[PDB]
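**Student:** Once you've had a glance at the structure underneath, I'll fire off some questions.
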Amino acid sequence: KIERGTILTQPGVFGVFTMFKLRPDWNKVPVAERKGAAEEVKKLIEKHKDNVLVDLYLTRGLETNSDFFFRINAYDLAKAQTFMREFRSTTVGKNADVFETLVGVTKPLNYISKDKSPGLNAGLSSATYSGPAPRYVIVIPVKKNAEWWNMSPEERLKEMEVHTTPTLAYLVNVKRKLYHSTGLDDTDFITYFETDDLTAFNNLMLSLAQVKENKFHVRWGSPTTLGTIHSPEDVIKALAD
Amino acid sequence: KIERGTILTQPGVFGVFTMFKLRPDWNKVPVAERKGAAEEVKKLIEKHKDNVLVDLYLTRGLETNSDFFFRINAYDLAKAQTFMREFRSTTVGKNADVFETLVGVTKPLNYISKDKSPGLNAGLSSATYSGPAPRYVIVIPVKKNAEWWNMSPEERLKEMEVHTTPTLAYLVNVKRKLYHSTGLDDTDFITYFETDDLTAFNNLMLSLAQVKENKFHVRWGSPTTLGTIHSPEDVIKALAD
Amino acid sequence: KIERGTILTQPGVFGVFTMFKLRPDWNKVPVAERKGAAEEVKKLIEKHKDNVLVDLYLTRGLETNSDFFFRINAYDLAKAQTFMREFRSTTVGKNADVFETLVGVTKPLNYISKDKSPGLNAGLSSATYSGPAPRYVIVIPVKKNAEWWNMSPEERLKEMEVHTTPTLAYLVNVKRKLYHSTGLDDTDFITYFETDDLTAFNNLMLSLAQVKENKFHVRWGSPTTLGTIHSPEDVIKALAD
Amino acid sequence: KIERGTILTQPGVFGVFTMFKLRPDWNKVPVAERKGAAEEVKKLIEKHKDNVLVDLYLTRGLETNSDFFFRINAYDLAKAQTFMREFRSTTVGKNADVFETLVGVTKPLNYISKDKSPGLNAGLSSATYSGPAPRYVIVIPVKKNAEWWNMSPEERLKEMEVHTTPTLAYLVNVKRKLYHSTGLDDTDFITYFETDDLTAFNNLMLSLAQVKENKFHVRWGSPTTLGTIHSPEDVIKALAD
Amino acid sequence: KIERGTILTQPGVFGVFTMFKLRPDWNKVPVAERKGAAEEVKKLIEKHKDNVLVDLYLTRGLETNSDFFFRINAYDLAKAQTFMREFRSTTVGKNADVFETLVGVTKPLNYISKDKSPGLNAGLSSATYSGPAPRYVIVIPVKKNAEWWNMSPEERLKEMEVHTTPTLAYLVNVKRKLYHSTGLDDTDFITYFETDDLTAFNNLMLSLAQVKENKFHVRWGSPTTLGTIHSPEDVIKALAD
Ligand code: HEM
Ligand code: HEM
Ligand code: HEM
Ligand code: HEM
Ligand code: HEM
Ligand SMILES: O=N[O-]
Ligand SMILES: O=N[O-]
Ligand SMILES: O=N[O-]
Ligand SMILES: O=N[O-]
Ligand SMILES: O=N[O-]
Ligand SMILES: [Ca+2]
Ligand SMILES: [Ca+2]
Ligand SMILES: [Ca+2]
Ligand SMILES: [Ca+2]
Ligand SMILES: [Ca+2]
């Protein structure tokens, strides 16, 4: 069994973000098969109720290299693979090419833990998202250079302490999730955000762009994917027409 | 209501620039459907009269990677997405792939404000385009490095006063708009220009090329998109034949 | 005569990794010919029983630029070429495009030999892979800068003693092979790994990212290819439906 | 009214270089339709007699990303666009994709003028190409870094005095033209050469690679395009069979 | 009249390497029109007996961006262009795309000449290949940065003497030819090697990776193309099934 509330909260959970782009011969799939496409994803998601957690986002109209993207969470990478492999046999699956994939895994806190930084940690755990259900999702893969990794844990802590300080306040505004990827894919992290206030999201990044940590990014985006939040079937219904 | 005068002047407005390139199988769409294309787009813009402001520009013949491109203003990002999504269902939308998308948001003045640089700010707001209606649009994404962002807001202000000084002069010549994107897309800024004097515009960029601020750019173009200003139906009427 | 146990163990063995991505018109091959494509690969591999050693891995659903990939080991690169060349004339072969090829050769120990680093040689050669038959494969090309190659062998040795130290604890966890490539292809090394514990593997790579040697990487990934271990016939069966 | 010798000599002239690549489906336009492609171009050039000056060069067999490319000179970038747009409606235009476009504008001398550098300006102005009519063309876009641009006019002049010293000699061999692009496209300059001696031309670039100015180049080719000079109809005749 | 022993030995000789990749619809050419395509290439080469020297190498199975590549040598670049242009009119030619082209020209010795470096120059000319017919070809484009070219010829000579000292030994083992490209394409040099011993050749690159000269390379491969030597008619016969 796989419960949303738990799997998104736990360490050892594999995140698989996959960005698809619809090929032009999709508008030539017969309106009938295309309308029936949504139910098919919905049943596929149900059929794996117990193997993976599925999220699906709409980026068509906001992104060059994707029309929609999935966020799979799984206790087992192989199972996230099997879902995706089966998704690609779907009617929509057979009509979209993959433009991005990011594999990461969840871990315990490395810096702002109860032990190491109790002060900021109390802040982080007891802060609570306010106001409107988030209409937008942002996914940003982030990779830091060899210099970063070769600083001592004390120095890296200091800098993550600096990361946390202006950002804790945006927790009323923005939901966050951090996956780890070094060794597993071509990035060090995958970050995932949901927010209703894009102006606030901009200011949040500017905050972080402005601290020493930013000096070690060799990837911070590329792509920065920002699309819009819906139910799996709605995304597909919107792709259809 | 979305008044062109107001929406282009206020903060918190989203710009979505989208560069499209026609596929070769557009020449094989029946000269009939193709000529009906312009009206279809015109009608679409009318339907969305009240959700977004639409601009369309012709780059075919001047750009490797776009035949035409839209500028969308919205108070709601989701609404820009809806329009664009509906554009790509159109006859022309169906025969063009996306080659670039930039999402950005309008903000208040950060440096050359009434508070921070009163002298320059006055020259700025009391400067006024003179002469022939501009025929040319240039759009330029700009990203600055971590080192810039790690400068003190005092240091960056001084640099931006340096940016404003030799450029005020070109406000009779060149119209400008600034969008902010850090965290929203793969750029710090989206800059937008209308001019009738390209040689002037060349001198303008050289001016800015020669100051310290330039030292921090990691993207300043790529693509630099210069195309030609027309009414939306006219852009589509030119892609017809 | 080619025994798996010997050829994977010996110096002067050529490795050729080739990532394939299936074209969309494979979904349009008659489902009958697609199911028959597995036996075909299986018979070809029997055909070169004595020419090459063949492994094949499933990356569909986990990788943007491959659905599958081969590892060929041969005593003679020409025989590797024939094999690969004959595969591409196979039914699946005719429906996939090559997206990456790494050519490499197996060499004797340059650094952590018994002569040069006795103590760590002992460690490495004594503790053995325990733990479950590995489900995951990882393939990482690595290339170091000219600064590295210009350091004295005495300096590079010290650096590789520092690489070795943290890895010793993953000897029960992770299986490794190293091919050499400088001058034969666009990388210095091809690294190959098999594991069942991806979190462990992530930890390993973090340990490596954090030593001085990481300072010299100009390539360490791109792509980092991670996918799944199965019998060649099973991989092609997996691609069929 | 547009005389070749005038427009190639004057400031304020727009250059539009466009490198085209024929698609496979051109070898399947019937020979007959393909051979009538040459007159269609020839007739388009005569049609635009008074709007633009057209040059066409053969690159097939010599360049990966072009079979041919145009050089258009205009007093009006808008008129370059129109011509280009109309060429792309041509039989040949319908079977080729654009792969590079460079926009630029002619200016007066910045450095080696009569005022600033009288000695060298004399030497430049009073020198004239000798011997066999040039068979080869080379087009090379150049971009210098923020550091170049932040040097003083005095420092930059010294460096261009350095550029000009070893190159004057090659004016007996090589014809040149200098377009300016900063802010108009993704390059600072577009340089244009005609020669019959490629070994000379090679010695010319090495002369230039060897000086300080070459230290600030961030683009200096890419693509370096070398092809062969013919009348416009002769270029389309060649591409036909 | 073009003699292989002579043209490969003389200065002022144009080299034009071109890497081609067969398109998927080549498997749909009726086998036999395919096998008969070798005859066509053979005839084209004899038709150009007097114009160019032709070589053909098989890379299918070992390279991502080529199935085969040509080496053309000519006294007149134009004639190489005609040859190539006429090859692409060929049956195979109509089914392949070009993925790479390098143009360059033979020159007299710059560094290791009797006058400048008398001893090594003697060692060079009086060195003679033993061992089997080479099976392998490698083609490596090399570009050095502005810092190299800004070194005085004294300093560069020293460095080329350093390149040449550990490499002479490999002349019994490996065959080399050096072409010059600065200004003619997007590389400083094209290097061409024929060997039968690939472990040797790896060791040869590492020798050269480890000298100061390597510090100045900005391109040294990309692509490193290693393929398999045969007669022209044999390479096409091979591409056929
Ligand atoms: C505004 C809400 C945010 C908060 C409260 C926040 C807080 C944190 C905290 C507490 C950590 C340390 C976790 C640990 O070590 O266990 C962390 C790490 C990290 N954060 Fe954020 N962050 C926020 C926004 C962002 C944004 C906008 C980004 C940009 C993409 C980002 C990217 C990252 C990355 C890549 C790491 C891992 C750093 C490392 O590997 O050492 N965060 N963040
Ligand atoms: C010639 C007329 C121009 C004038 C009067 C002008 C003025 C200004 C001013 C006053 C600001 C600061 C606004 C603020 O922070 O609130 C600014 C910002 C900016 N300008 Fe311009 N500018 C001009 C042309 C250009 C050009 C040609 C470019 C090149 C694309 C450019 C790029 C930018 C960028 C990227 C910013 C944001 C800088 C930052 O993030 O701190 N401007 N400009
Ligand atoms: C975890 C188990 C590992 C062990 C026991 C191990 C051990 C070693 C040893 C002993 C050598 C020296 C061999 C020689 O000089 O002959 C070596 C070289 C090398 N290793 Fe690993 N390593 C491990 C994991 C990794 C990982 C995760 C990577 C990164 C992908 C890696 C990359 C490399 C590379 C690129 C070289 C060649 C270094 C050079 O050229 O000088 N190893 N390794
Ligand atoms: C031997 C023939 C050449 C001569 C006589 C020559 C001369 C000059 C002169 C006099 C200038 C300054 C013009 C001015 O500032 O008003 C100049 C500028 C320039 N040249 Fe050449 N040049 C030659 C060949 C080349 C070559 C092979 C290149 C390489 C592509 C090149 C690239 C450029 C560029 C990019 C500029 C503008 C520099 C700047 O913006 O400050 N030139 N050349
Ligand atoms: C082992 C056999 C080799 C020998 C005997 C050899 C010898 C030489 C000599 C004598 C020169 C200078 C010739 C002149 O200046 O006119 C030269 C230049 C050069 N070699 Fe080699 N070489 C060998 C292998 C290689 C290899 C493996 C490479 C790697 C790609 C290479 C790359 C180059 C390049 C790029 C140059 C031109 C340097 C420059 O432009 O100034 N050589 N070689
Ligand atoms: O720490 N936010 O991924
Ligand atoms: O700051 N001009 O967008
Ligand atoms: O470094 N083991 O590939
Ligand atoms: O400066 N030669 O274009
Ligand atoms: O110097 N070998 O090309
Ligand atoms: Ca984006
Ligand atoms: Ca290669
Ligand atoms: Ca990957
Ligand atoms: Ca442009
Ligand atoms: Ca070229």
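Just so we're on the same page: first chain in the structure tokens is A, next is B, and so on; residues restart at 1 for each chain, and ligands are numbered from 1 in the order they show up.
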Using only C-alpha atoms, which residues sit within 9 Å of range 30-35 of chain D once same-chain residues fewer than 2 positions away are excluded, as a list in words?
**Tutor:**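 These residues fall inside the cut-off: residues 26, 27, 28, 37, 38, 39, 91, 92, 236, 237, 239, 240 and 241 of chain D.
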**Student:** Next, the residues of the selection above should be written as a short mmCIF file (atom, residue, chain, number, x, y, z; two decimals), in the first residue's frame with C-alpha atoms.
**Tutor:**
data_model
loop_
_atom_site.label_atom_id
_atom_site.label_comp_id
_atom_site.auth_asym_id
_atom_site.auth_seq_id
_atom_site.Cartn_x
_atom_site.Cartn_y
_atom_site.Cartn_z
CA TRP D 26 14.34 17.48 -52.82
CA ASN D 27 15.88 14.43 -54.58
CA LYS D 28 12.28 13.46 -55.21
CA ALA D 37 14.43 26.16 -59.98
CA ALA D 38 17.40 28.12 -61.29
CA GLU D 39 15.40 30.48 -63.53
CA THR D 91 10.66 25.79 -55.48
CA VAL D 92 14.14 25.48 -53.93
CA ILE D 236 20.94 26.59 -58.23
CA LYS D 237 21.91 24.67 -61.39
CA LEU D 239 22.11 21.94 -56.59
CA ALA D 240 19.59 20.56 -59.06
CA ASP D 241 21.15 17.18 -60.13
#
**Student:** Using only C-alpha atoms and all ligand atoms, which protein or nucleic acid residues are at most 7 Å from ligand 8, as a list in words?
**Tutor:**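 Counting only C-alpha atoms and all ligand atoms, the residues within 7 Å of ligand 8 come out as residues 176, 177, 178, 191 and 192 of chain C.
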**Student:** For the residues selected in the previous step, produce a file with N, CA and C atoms as a compact mmCIF listing (two decimals), in the first residue's frame.
**Tutor:**
# COMPACT_ATOMS: atom_id res chain seq x y z
N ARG C 176 31.88 -3.13 -9.86
CA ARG C 176 32.49 -2.12 -10.73
C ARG C 176 33.29 -2.77 -11.87
N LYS C 177 33.34 -2.11 -13.03
CA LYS C 177 34.39 -2.37 -14.04
C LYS C 177 34.86 -1.04 -14.67
N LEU C 178 36.17 -0.92 -14.93
CA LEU C 178 36.75 0.28 -15.55
C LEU C 178 37.39 -0.04 -16.91
N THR C 191 32.98 3.96 -16.98
CA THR C 191 32.85 3.18 -15.75
C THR C 191 31.52 2.46 -15.80
N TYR C 192 31.51 1.26 -15.24
CA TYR C 192 30.39 0.33 -15.28
C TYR C 192 30.13 -0.25 -13.89
**Student:** Got a sec to check which residues lie within 6 Å of ligand 3, using only C-alpha atoms and all ligand atoms, and send them as a VMD selection string?
**Tutor:** chain C and resid 108 to 112 124 140 142 164 167 to 168 170 to 171 189 191 205
**Student:** Give the alpha helix (DSSP H) residues of range 120-230 of chain B, as assigned by DSSP on the backbone, as number ranges by chain.
**Tutor:** B: 120-125, 146-149, 153-164, 198-209
**Student:** Write a file of the selected residues as a PDB file, in the first residue's frame, keeping C-alpha atoms.
**Tutor:**
ATOM      1  CA  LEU B 120      18.095  59.441 -13.102  1.00  0.00           C
ATOM      2  CA  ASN B 121      14.593  58.230 -12.279  1.00  0.00           C
ATOM      3  CA  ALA B 122      13.244  61.623 -13.282  1.00  0.00           C
ATOM      4  CA  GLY B 123      15.068  61.579 -16.656  1.00  0.00           C
ATOM      5  CA  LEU B 124      13.651  58.094 -17.067  1.00  0.00           C
ATOM      6  CA  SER B 125       9.930  58.733 -16.454  1.00  0.00           C
ATOM      7  CA  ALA B 146      26.147  34.441  -9.102  1.00  0.00           C
ATOM      8  CA  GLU B 147      28.852  37.026  -8.666  1.00  0.00           C
ATOM      9  CA  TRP B 148      26.586  39.827  -9.733  1.00  0.00           C
ATOM     10  CA  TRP B 149      23.825  38.642  -7.483  1.00  0.00           C
ATOM     11  CA  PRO B 153      22.401  46.058  -3.387  1.00  0.00           C
ATOM     12  CA  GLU B 154      24.498  49.200  -2.961  1.00  0.00           C
ATOM     13  CA  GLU B 155      27.097  47.906  -5.482  1.00  0.00           C
ATOM     14  CA  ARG B 156      24.517  46.690  -7.978  1.00  0.00           C
ATOM     15  CA  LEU B 157      22.697  50.062  -7.740  1.00  0.00           C
ATOM     16  CA  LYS B 158      25.895  51.875  -8.690  1.00  0.00           C
ATOM     17  CA  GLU B 159      26.274  49.521 -11.619  1.00  0.00           C
ATOM     18  CA  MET B 160      22.745  50.068 -12.774  1.00  0.00           C
ATOM     19  CA  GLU B 161      23.104  53.805 -12.563  1.00  0.00           C
ATOM     20  CA  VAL B 162      26.016  53.242 -14.946  1.00  0.00           C
ATOM     21  CA  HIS B 163      23.603  51.283 -17.221  1.00  0.00           C
ATOM     22  CA  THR B 164      20.993  54.058 -17.109  1.00  0.00           C
ATOM     23  CA  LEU B 198      18.734  49.582 -35.971  1.00  0.00           C
ATOM     24  CA  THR B 199      22.031  51.476 -36.350  1.00  0.00           C
ATOM     25  CA  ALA B 200      20.973  53.453 -33.299  1.00  0.00           C
ATOM     26  CA  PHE B 201      20.046  50.195 -31.628  1.00  0.00           C
ATOM     27  CA  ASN B 202      23.475  48.783 -32.433  1.00  0.00           C
ATOM     28  CA  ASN B 203      25.112  51.811 -30.800  1.00  0.00           C
ATOM     29  CA  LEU B 204      22.835  51.368 -27.796  1.00  0.00           C
ATOM     30  CA  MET B 205      23.961  47.762 -27.209  1.00  0.00           C
ATOM     31  CA  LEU B 206      27.606  48.687 -27.685  1.00  0.00           C
ATOM     32  CA  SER B 207      27.177  51.367 -25.040  1.00  0.00           C
ATOM     33  CA  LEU B 208      25.981  48.803 -22.616  1.00  0.00           C
ATOM     34  CA  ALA B 209      28.535  46.239 -23.809  1.00  0.00           C
TER      35      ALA B 209
END
**Student:** Please, which residues of chain D lie no more than 8 Å from chain B when the count uses only C-alpha atoms, and can they be set out as a ChimeraX atom specification?
**Tutor:** /D:12,16,78,80-85,88-89,94-95,98-101,103,105,146-147,149-151,180-186
**Student:** Generate a file of the selected residues that holds N, CA, C and O atoms, formatted as a short mmCIF file (atom, residue, chain, number, x, y, z; two decimals), in the first residue's frame.
**Tutor:**
data_model
loop_
_atom_site.label_atom_id
_atom_site.label_comp_id
_atom_site.auth_asym_id
_atom_site.auth_seq_id
_atom_site.Cartn_x
_atom_site.Cartn_y
_atom_site.Cartn_z
N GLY D 12 25.91 52.08 -43.27
CA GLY D 12 24.48 52.03 -43.09
C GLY D 12 23.79 50.96 -43.93
O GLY D 12 22.57 50.99 -44.09
N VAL D 16 22.50 40.50 -44.62
CA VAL D 16 21.77 39.35 -44.10
C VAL D 16 22.28 38.05 -44.70
O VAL D 16 21.94 37.68 -45.86
N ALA D 78 14.03 45.60 -43.55
CA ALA D 78 12.69 45.12 -43.94
C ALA D 78 12.60 44.52 -45.37
O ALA D 78 11.85 43.58 -45.63
N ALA D 80 15.38 43.33 -47.03
CA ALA D 80 16.09 42.04 -46.94
C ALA D 80 15.10 40.96 -46.54
O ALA D 80 15.02 39.93 -47.19
N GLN D 81 14.34 41.20 -45.45
CA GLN D 81 13.37 40.24 -44.96
C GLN D 81 12.42 39.80 -46.09
O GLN D 81 12.24 38.59 -46.35
N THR D 82 11.83 40.77 -46.79
CA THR D 82 10.89 40.46 -47.85
C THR D 82 11.55 39.59 -48.88
O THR D 82 11.07 38.50 -49.17
N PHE D 83 12.68 40.03 -49.44
CA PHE D 83 13.32 39.16 -50.38
C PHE D 83 13.46 37.74 -49.80
O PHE D 83 13.15 36.77 -50.48
N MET D 84 13.92 37.61 -48.56
CA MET D 84 14.28 36.31 -48.03
C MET D 84 13.02 35.46 -47.92
O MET D 84 12.99 34.25 -48.25
N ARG D 85 11.96 36.12 -47.46
CA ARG D 85 10.69 35.51 -47.25
C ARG D 85 10.20 34.96 -48.60
O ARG D 85 9.68 33.85 -48.66
N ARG D 88 12.16 31.88 -49.82
CA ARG D 88 11.66 30.70 -49.14
C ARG D 88 10.32 30.21 -49.72
O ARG D 88 9.88 29.11 -49.39
N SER D 89 9.68 31.00 -50.58
CA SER D 89 8.47 30.51 -51.26
C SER D 89 8.72 29.87 -52.63
O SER D 89 7.82 29.45 -53.34
N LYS D 94 11.14 25.99 -50.87
CA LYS D 94 10.20 25.04 -50.26
C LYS D 94 10.82 23.70 -49.85
O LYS D 94 10.28 23.04 -48.97
N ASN D 95 11.94 23.32 -50.48
CA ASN D 95 12.70 22.14 -50.06
C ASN D 95 14.01 22.42 -49.33
O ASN D 95 14.89 21.55 -49.30
N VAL D 98 16.39 26.64 -43.22
CA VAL D 98 17.41 27.58 -42.72
C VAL D 98 18.20 26.98 -41.56
O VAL D 98 17.64 26.37 -40.62
N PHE D 99 19.51 27.14 -41.59
CA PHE D 99 20.35 26.62 -40.51
C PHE D 99 21.24 27.65 -39.81
O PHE D 99 21.73 27.42 -38.73
N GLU D 100 21.48 28.77 -40.47
CA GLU D 100 22.08 29.90 -39.84
C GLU D 100 21.62 31.16 -40.49
O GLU D 100 21.47 31.22 -41.72
N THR D 101 21.34 32.16 -39.66
CA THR D 101 21.10 33.52 -40.13
C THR D 101 21.93 34.46 -39.30
O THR D 101 21.93 34.39 -38.06
N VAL D 103 22.41 38.66 -39.01
CA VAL D 103 22.11 40.04 -39.41
C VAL D 103 23.20 41.05 -39.02
O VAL D 103 23.82 40.92 -37.96
N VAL D 105 25.14 45.30 -39.91
CA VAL D 105 25.04 46.59 -40.58
C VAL D 105 26.42 47.19 -40.69
O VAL D 105 27.24 47.09 -39.80
N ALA D 146 33.15 40.67 -22.71
CA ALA D 146 32.89 41.89 -21.92
C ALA D 146 34.17 42.63 -21.57
O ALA D 146 34.20 43.83 -21.44
N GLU D 147 35.24 41.88 -21.45
CA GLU D 147 36.54 42.41 -21.12
C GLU D 147 37.17 43.29 -22.19
O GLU D 147 37.84 44.30 -21.86
N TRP D 149 35.29 44.76 -24.41
CA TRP D 149 34.43 45.92 -24.50
C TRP D 149 34.62 46.94 -23.39
O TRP D 149 34.32 48.13 -23.55
N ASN D 150 35.13 46.48 -22.26
CA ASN D 150 35.39 47.36 -21.13
C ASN D 150 36.77 47.96 -21.14
O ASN D 150 37.10 48.71 -20.23
N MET D 151 37.58 47.63 -22.14
CA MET D 151 38.85 48.33 -22.34
C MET D 151 38.55 49.66 -22.95
O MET D 151 37.51 49.82 -23.58
N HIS D 180 28.55 44.86 -38.72
CA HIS D 180 28.43 44.96 -37.25
C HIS D 180 27.11 44.44 -36.75
O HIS D 180 26.06 44.79 -37.32
N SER D 181 27.14 43.65 -35.66
CA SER D 181 25.92 42.96 -35.19
C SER D 181 25.43 43.10 -33.75
O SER D 181 24.29 42.79 -33.49
N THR D 182 26.28 43.52 -32.81
CA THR D 182 25.93 43.64 -31.38
C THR D 182 24.52 44.19 -31.20
O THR D 182 24.20 45.33 -31.62
N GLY D 183 23.67 43.37 -30.58
CA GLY D 183 22.34 43.83 -30.27
C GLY D 183 21.36 43.59 -31.38
O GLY D 183 20.15 43.72 -31.19
N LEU D 184 21.86 43.21 -32.54
CA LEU D 184 21.01 42.93 -33.68
C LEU D 184 20.93 41.45 -33.93
O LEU D 184 19.96 40.97 -34.53
N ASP D 185 21.96 40.71 -33.52
CA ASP D 185 21.93 39.23 -33.61
C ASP D 185 22.94 38.73 -32.64
O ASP D 185 23.63 39.52 -32.02
N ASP D 186 23.07 37.42 -32.53
CA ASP D 186 24.00 36.82 -31.58
C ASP D 186 25.45 36.78 -32.06
O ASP D 186 26.06 35.71 -32.16
#
**Student:** Give me every strand (DSSP E or B) residue in range 37-144 of chain B, going by DSSP on the backbone, as JSON, numbers by chain.
**Tutor:** {"B": [52, 53, 54, 55, 56, 57, 58, 68, 69, 70, 71, 72, 73, 74, 96, 97, 98, 99, 100, 101, 102, 103, 104, 105, 136, 137, 138, 139, 140, 141, 142, 143, 144]}
**Student:** Please report the interatomic distance between CA of residue 72 in chain E and CA of residue 17 in chain E in Å with one decimal.
**Tutor:**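 These atoms are spaced 6.2 Å apart.
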**Student:** As number ranges by chain, please: the residues near range 132-134 of chain C (cut-off 7 Å, only C-alpha atoms, same-chain neighbours under 4 positions excluded).
**Tutor:** C: 194-196
**Student:** For the selection just defined, write its residues with N, CA and C atoms to a file, as a PDB file, in the first residue's frame.
**Tutor:**
ATOM      1  N   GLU C 194      27.080  -2.327 -11.125  1.00  0.00           N
ATOM      2  CA  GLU C 194      25.869  -3.093 -10.946  1.00  0.00           C
ATOM      3  C   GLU C 194      25.577  -3.060  -9.459  1.00  0.00           C
ATOM      4  N   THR C 195      24.357  -2.690  -9.101  1.00  0.00           N
ATOM      5  CA  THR C 195      24.015  -2.699  -7.698  1.00  0.00           C
ATOM      6  C   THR C 195      22.555  -2.947  -7.483  1.00  0.00           C
ATOM      7  N   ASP C 196      22.200  -3.251  -6.246  1.00  0.00           N
ATOM      8  CA  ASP C 196      20.810  -3.327  -5.880  1.00  0.00           C
ATOM      9  C   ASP C 196      20.422  -2.191  -4.963  1.00  0.00           C
TER      10      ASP C 196
END
**Student:** Quick one: pull the distance between CA of residue 22 in chain A and CA of residue 97 in chain A, Å, one decimal.
**Tutor:**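 Between these atoms lies a distance of 6.4 Å.
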